[PDB]
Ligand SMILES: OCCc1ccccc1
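Let's start with one chain on its own, the form deposited without this ligand, as structure tokens.
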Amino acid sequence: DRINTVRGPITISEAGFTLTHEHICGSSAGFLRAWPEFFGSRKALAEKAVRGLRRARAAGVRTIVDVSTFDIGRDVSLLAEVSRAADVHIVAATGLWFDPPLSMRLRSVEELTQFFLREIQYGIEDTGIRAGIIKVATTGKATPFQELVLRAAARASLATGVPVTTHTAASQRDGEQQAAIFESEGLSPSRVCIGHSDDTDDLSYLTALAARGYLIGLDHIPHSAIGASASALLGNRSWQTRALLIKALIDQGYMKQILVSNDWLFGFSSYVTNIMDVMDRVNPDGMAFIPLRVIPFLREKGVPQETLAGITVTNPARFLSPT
């Protein structure tokens, strides 16, 4: 009954309170190694990450799933270092996001499957650290390459038991096409999380997917720019409006299909220069936003602690456990 982390295998019970969609650093392949000064220094980024993970730990978090893929600049050595120093388990990811380089974007579905399988079965780079989740993405209707990635993710999941988590443009209802592609491959809906689902107010869309067995990733809760580049990224909808979608799905009877997270980071190079400073001012709680602000909000709205423990401990454990 084991889940692979950056420090090795852990049992289901060791996972505890788990944030299912997080990042230590949102970057690009090889960027942190080639230009650490962008983040001040590698040491400055690592120290910031340790403090943020310790804040989350003190708030109840025991494990985070870093959904940073190869093209998000996942540096598993950094993840292992910060995991050790902060005493928080970190599950690493394979897959591809929306910035694949030529060496990835010109590959066949068979080759992409081999790559995802290499990171889950053998390890990431020369570290021996095995991926425990597959991250994929669509920003509207899937491009021919994105469809290949979704199929390769499904094939890698079916061969390993490792789950698939997605980035969606929720307003364009991407989850429906993602679902259709995954099902055509024979992938069980219970092994898939349709992420960034709190970016929409269309409850019928979320309820329809949850009814089919999909996990609904309400992971953009602190992403709100109420009050230019930050307004186009975070949005105009409040955290309360996003958090009420958790309550709405519990009221529909789909508490077992909900996964909550912050989609936070401590370094962010894949956007405008001072974006990390803007994000830190919008949400000073960081990864601690879910246990410090969202859980007490839901408690005062009438949601029991047994249901909230089910969403934050039981659901991620069932999702991450290789099945």
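The numbering used is simple: start at 1 and walk along the sequence shown.
Coordinates are lacking for 4 to 9 deposited residues between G227 and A228. Per-stretch averaging of Cα B factors for 166-174 and 236-244 places 236-244 on top. When the C-alpha B-factors of 148-156 and 211-219 are averaged, 211-219 comes out higher. Set against one another, the Cα B-factors of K48, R42, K256, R54 in the record reach their highest point at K256. Of the candidates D202, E119, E183, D99, it is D202 whose Cα B-factor is highest according to the PDB record. Ranked against the other modelled residues of its chain, the C-alpha B-factor of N315 as given in the entry falls in the middle third. In the PDB entry, a CA B factor belonging to the lowest third of its chain's modelled residues is recorded for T69.
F297: CA B factor in the highest third of modelled residues in this chain (values from the PDB entry). Sort the chain's modelled residues by C-alpha temperature factor and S188 lands in the middle third, per the entry. The PDB entry assigns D75 a C-alpha temperature factor belonging to the lowest third of its chain's modelled residues.
FYI, the form deposited with this ligand bound isn't displayed, but the following is about it.
Taking non-hydrogen atoms only, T11 never approaches this ligand to within 4.5 angstroms in the entry with it bound. This ligand in the entry with it bound is approached by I295, whose closest heavy atom lies within 4.5 angstroms of it. Contact annotation: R62 falls within 4.5 Å of this ligand in the entry with it bound, judged by heavy atom distances.
Contact check for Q177, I181 and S184: none of the three has a heavy atom within 4.5 Å of this ligand in the entry with it bound. Along 80-106, not one residue places a heavy atom within 4.5 Å of this ligand in the entry with it bound.
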